[PDB]
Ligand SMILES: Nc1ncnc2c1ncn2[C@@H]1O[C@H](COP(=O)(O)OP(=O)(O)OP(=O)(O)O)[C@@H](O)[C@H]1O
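Taking the form solved without adenosine-5'-triphosphate, here's one chain by itself in structure tokens.
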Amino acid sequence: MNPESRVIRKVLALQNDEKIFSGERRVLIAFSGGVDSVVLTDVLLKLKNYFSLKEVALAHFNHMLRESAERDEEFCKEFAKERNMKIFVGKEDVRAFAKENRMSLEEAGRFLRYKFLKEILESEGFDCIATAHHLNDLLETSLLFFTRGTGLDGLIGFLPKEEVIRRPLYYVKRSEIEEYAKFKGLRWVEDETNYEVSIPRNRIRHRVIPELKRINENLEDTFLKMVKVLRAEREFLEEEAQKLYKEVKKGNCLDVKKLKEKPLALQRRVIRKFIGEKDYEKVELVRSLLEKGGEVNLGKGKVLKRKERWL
């Protein structure tokens, strides 16, 4: 069990558990140039036949943030040539966009980068986008929702497969990725992504997580188990909320005399769906109309018409 097979085993296990690839023929990689990116690529090129892929291409986005950006682009191009892959390069001033839209560098960078990735996907005929997102990114994302406000969804964080996007390194942790690259003698760059990181995420990455790991050395392995438990529990809650939904709904209304007799958890789930809103505040405000007539406005109206309810 060396650094290489440790990653490959987790990638293959993800495929068996989620069917990341199941018909796609042309994959576009979100290639920033960092270790994550390089290892993802080295892995996909190694398992290309295994997944029945016909084309794996790179897409590098130049954020114009710093001089190293040009250095990054050059590395990406040379990397494409050494690997004999096609590469698509894009460019947009992220810092500028962030300022005229009163948003952070992280969300501006994310927005422009994927806009670019998605444009190449359509004008070049790709079936999906492979991202180097991993277990440590998931842990950081989970902790950021715990901190800012969340329910089961935020805690579980992003999924391995998500409409057009694929995250093959989902089970792999940052350190295993670094050990993979060193072991195989790969080369990488400190891509511009490191300089867009939001302050909240840096606090969690370089201050909170290190402290938590001093309590539990294998935080990532432990966290992954929580995610798996949470995802099965969420799946169950969703399946049940759905049965009750198509059992209490009729037209554009909800049978209040039926819903009210159900478990609190399902009452909220049914309501979340019926009104397309996750806000803890809006859900409960609407939920109260299950016990006392009245109306609720969110930009749409919910009236209690004896036993029924519209919106």
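Take the two forms, find the largest set of C-alpha atoms that superpose within 1.5 Å, and that set is the rigid core. Sequential numbering from 1, following the sequence displayed.
Here the subject shifts to the form solved in complex with adenosine-5'-triphosphate, a form of this protein not shown in this document.
Site residues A30, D36 and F61 are all in contact with adenosine-5'-triphosphate in the bound PDB entry, judged by any heavy atom within 4.5 Å. At the 4.5 Å threshold, heavy atoms of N136 stay clear of adenosine-5'-triphosphate in the bound PDB entry, well away from it. Under a 4.5 angstroms non-hydrogen atom cutoff, adenosine-5'-triphosphate in the bound PDB entry lacks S142 among its neighbouring residues.
Contact between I156 and adenosine-5'-triphosphate in the bound PDB entry is not found at the 4.5 Å heavy atom cutoff.
In the bound PDB entry, adenosine-5'-triphosphate stays beyond 4.5 Å of every heavy atom belonging to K173. Interface residue among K184, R234, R95, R201, judged by heavy atoms within 4.5 Å of adenosine-5'-triphosphate in the bound PDB entry: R201. Residue heavy atoms within 4.5 Å of adenosine-5'-triphosphate in the bound PDB entry occur in exactly one stretch of 78-86, 207-215, 237-245, 127-135, and that stretch is 127-135. Superposing the two forms on their core leaves just one of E100, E82, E124, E162 with a Cα displacement of at least 2 Å between this form and the one not shown, namely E100.
Relative to the superposed core, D72 shifts its CA atom by less than 2 Å between this form and the one not shown. Once both forms are fitted on their rigid core, the CA atom of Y245 lies 2 Å or more apart between this form and the one not shown. Core-superposed comparison between this form and the one not shown: CA of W188 displaced by less than 2 Å. Compared with the form shown here, the C-alpha atoms of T193 and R26 sit at least 3 Å farther apart in the bound PDB entry. Figure legend: C-alpha atoms of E119 and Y195, shown here, are separated by at least 3 angstroms more in the bound PDB entry.
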